[PDB]
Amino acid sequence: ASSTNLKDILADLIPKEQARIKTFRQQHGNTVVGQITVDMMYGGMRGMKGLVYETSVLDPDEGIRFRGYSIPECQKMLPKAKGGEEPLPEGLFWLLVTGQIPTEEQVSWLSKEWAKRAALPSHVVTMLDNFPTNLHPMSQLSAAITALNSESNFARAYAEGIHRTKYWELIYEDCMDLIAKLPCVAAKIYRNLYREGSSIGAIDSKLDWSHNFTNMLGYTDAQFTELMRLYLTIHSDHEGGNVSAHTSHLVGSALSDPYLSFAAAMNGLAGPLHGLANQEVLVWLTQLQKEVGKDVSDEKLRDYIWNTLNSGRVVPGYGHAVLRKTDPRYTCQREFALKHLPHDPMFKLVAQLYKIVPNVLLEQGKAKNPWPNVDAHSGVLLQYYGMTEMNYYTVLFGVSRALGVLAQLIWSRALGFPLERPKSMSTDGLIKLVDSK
C-alpha cells in the first residue's frame, strides 16, 4: 500500500498483534497476577492490576516509556521542525500508534493530514462564541467536543452495521479528525476568554500542528512554538490508570465514538485531583517568591522549606511513590529553560528548589522518593512567554493527552477489547461475603 500512509502501516500490524495476544491468552489466560482485598475495593482499586493499555508503561528506574522508548531516547530520535530542536508531537503519535520511529517524510505527511482535516462546523463556532466568560475553559472544551460528535463517521457507520473486525478503521478516522480539530477549538476558547473574541485566523497547510496552534492562539515568539512542541509531546501519555485515560477507555468500550470518549475524559481531567498540579505549584511559587524575595540565600530558602515541612505542609511537585529519580519530563523542561530563559527570576527559584528541597525531604525521612515531577516545572515556562491564564493550563494538558488516549483507543478497537464492567458490592454484601468466606 504505502510507506508514508499511517493507516496502511497499521493495517499490516494489527493481525500479527491479534494472533500474538490470542496465543498468549491460550496458555496463560488463567494465570493469577494478583489478589483483590477489601481495602482495594474501598481504596479506589489502589494496587489492582485491572486493565491492558499498550502505549505507555512506567519504569520505576527510568520514568515513563513510550512504546519501549524513554524520554531521552525520544528527544534524540523523533523528527524536529526545520530549524528547530524540539520533537514534533506528530512523530510521538506515530510512535504510539505503530511502535515505530517515523521518518521526516512520514511526519511531514502527518502534519499535512492534520491541516487538511481541521475544520469546525458552524454550530460549534456559534456555540463557542456564545459561551459566557464565567464558564470554565475545560467545560467549554468538553461541551464543544461533545457537540462535534455530529461529525463522527464511526457513529454513522455503526448504525448502518459494520463488522466488528472493521471498527478500528473508522475509529482511526474520527481520532485523526478530532486531533486535527482540537487546536482550533482550544484557540477559540483562549481568544474568546482572553483576547476579546478576536478571530483565530486560518490554518496553514505547510506548517506543523503546534505552529498552527500557536498562530491561532495569537503568539508570535518562535521559542514559544518550540516550547509548545516539547510540552505537547511530553504530556501525551502516562499509562491507563490515570482518570483521564481510564475514562476514555471505559466510555470507549461501550462503542461511544472518540468525540464522546474524549469529552468524557476531559470531564475527569477537570477534576481537582487530576488536572490542577501545574497551577497549584505556580501559585505556591508565587507566594514563596513574595515571602522570601528575589535573590534569596540558599540558607534562608532551606529554612523556609524546613519551617513548611515542620508545619505539616508539603512542597508541591516533589515526591513519588514509585519512580526512584527525577521525572525526565522535569529534566526536559529544565534544559529548555537553561538554554532559553536562564535569567528569569521564577526559573531561578525553581532551579534553587531543585538544588535544596530533595535533601530537606530526606532529613525529614518521610517522603520516599524526594524528586520533582513534570508539574513542578511547566507553569514558570508558560508564564515566561506570557501565557499567564492559569485556568487555561488544563486545556493544554488535554490537547496533549489526546495523542496518547486516542492512539490507545484505536488499538482497544483493533484488538476487540470488550465492555468494561467490573462487579460492584455494597458494604453489607462484603460483610456477608467475608463471613461465608
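Just count from 1 along the sequence shown to find any residue number.
**Q** Mind pulling up the entry and telling me whether 21 to 29 or 417 to 425 has the higher mean Cα temperature factor?
**A** Looking at the recorded C-alpha B-factors, 21 to 29 comes out higher on average.
**Q** For the C-alpha atoms alone, is the average B factor greater in 315 to 323 or in 116 to 124, going by the entry?
**A** It is 315 to 323.
**Q** Among 261, 165, 253, 236, single out the one with the highest C-alpha B factor in the record, please.
**A** Highest C-alpha B-factor among the listed residues goes to 165.
**Q** Of the options 152, 278, 75, 297, which has the highest CA B factor as deposited?
**A** Highest C-alpha B-factor among the listed options: 75.
**Q** Would you check the entry's CA temperature factor for residue 62 and let me know if it's in the chain's lowest, middle or highest third?
**A** For residue 62, whose C-alpha B-factor we compare with every modelled residue in the chain, the answer is the highest third.
**Q** Which third of the chain does residue 147 land in by C-alpha B-factor: lowest, middle or highest?
**A** CA B-factor rank for residue 147: lowest third.
**Q** What third of its chain's C-alpha B-factors does residue 95 belong to: lowest, middle or highest?
**A** Middle third.
**Q** Can you tell me whether residue 393 has a C-alpha B-factor in the lowest, middle or highest third compared with the other modelled residues of the same chain?
**A** Lowest third.
**Q** Using the B-factor values recorded in the entry, state whether the Cα atom of residue 405 falls in the lowest, middle or highest third among the modelled residues of its chain.
**A** Its C-alpha B-factor belongs to the lowest third of this chain's values.
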